[PDB]
Amino acid sequence: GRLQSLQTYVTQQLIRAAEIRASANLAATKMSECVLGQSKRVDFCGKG
Amino acid sequence: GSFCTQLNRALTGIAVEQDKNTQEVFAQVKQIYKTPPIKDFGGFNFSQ
Ligand SMILES: *[C@@H]1O[C@H](CO)[C@@H](O)[C@H](O)[C@H]1NC(C)=O
């Protein structure tokens, strides 16, 4: 029972880590395109 | 114990995420724009 609980927690943490990894990749891309430069793709760096 | 309340929470998160996904994809307009009554588009046909 305890190992099944730990494995479920580890798997859920891995899925959440994948979601955070995608969010961090988006944040790095936003830092490179919007902060490090000027972005001509609309709505990538806010409305307008 | 809490194994399946955890499972119910996970399913609830999936459903909420699906609603958010649809809203993010389609609700990109603050106002509902309405097509003009006359289709005078310079010869471009949008009836389809
Ligand atoms: C567009 O095509 C449809 C069917 O081919 C036709 O009924 C319609 O009149 C066309 N649009 C215009 C503005 O003529």
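Residues numbered from 1 in each chain as written, not as in the entry; some residues may be left out. Chains lettered and ligands numbered in written order. Part of a larger assembly, values for the part shown. Heavy atoms only, no water.

Determination of this PDB entry was carried out by cryo-EM to a resolution of 5.2 Å, according to the record.

As annotated in the PDB entry, chain B carries the name Spike glycoprotein and is attributed to Severe acute respiratory syndrome coronavirus 2.

For chain A, the name recorded in the PDB entry is Spike glycoprotein, with Severe acute respiratory syndrome coronavirus 2 as its organism.

S.K.: Give me the lowdown on the overall build of chain B, citing residues and values where you can.
M.R.: For chain B, the count of helices and strands is one helix and zero strands. When the backbone C-alpha atoms are referred to their principal axes, chain B occupies close to 65 × 20 × 10 Å. Buried positions account for 2% of the 48 residues belonging to chain B. Here chain B holds 5 positive side-chain charges and 4 negative ones, and the gap between their average locations is 5 Å. (Helix = DSSP H or I, 4+ residues; strand = E, 2+ residues; numbered from the N terminus. Buried < 20%, exposed > 50% of the residue type's maximum accessible area, 1.4 Å probe, protein only. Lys, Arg positive; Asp, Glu negative; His and termini not counted. Charge placed at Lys NZ, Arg CZ, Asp CG, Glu CD.)

S.K.: An account of the interface of chain A and chain B is needed here, citing residue identities and associated values.
M.R.: Chain A puts seven residues into the contact, and the matching count from chain B is four residues. In this assembly, chain A packs against chain B so that about 370 Å² is buried in total across both faces, 49% of it on carbon and sulfur atoms. Considering only the surface of chain A that becomes buried against chain B, A:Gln4, A:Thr8 and A:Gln12 emerge as the three largest contributors, covering 53% of it. The interface formed by chain A and chain B includes one residue pair in polar contact. For the side of chain A that touches chain B, the per-class residue count stands at no nonpolar, five polar and two charged. (Contact = heavy atoms within 4.5 Å. Buried area = accessible area lost by both parts, 1.4 Å probe. Polar contact = N/O pair within 3.5 Å; in protein donor to acceptor, adjacent residues only side chain to side chain. Nonpolar A, V, L, I, M, F, W, Y, C, P; charged D, E, K, R; others polar.)

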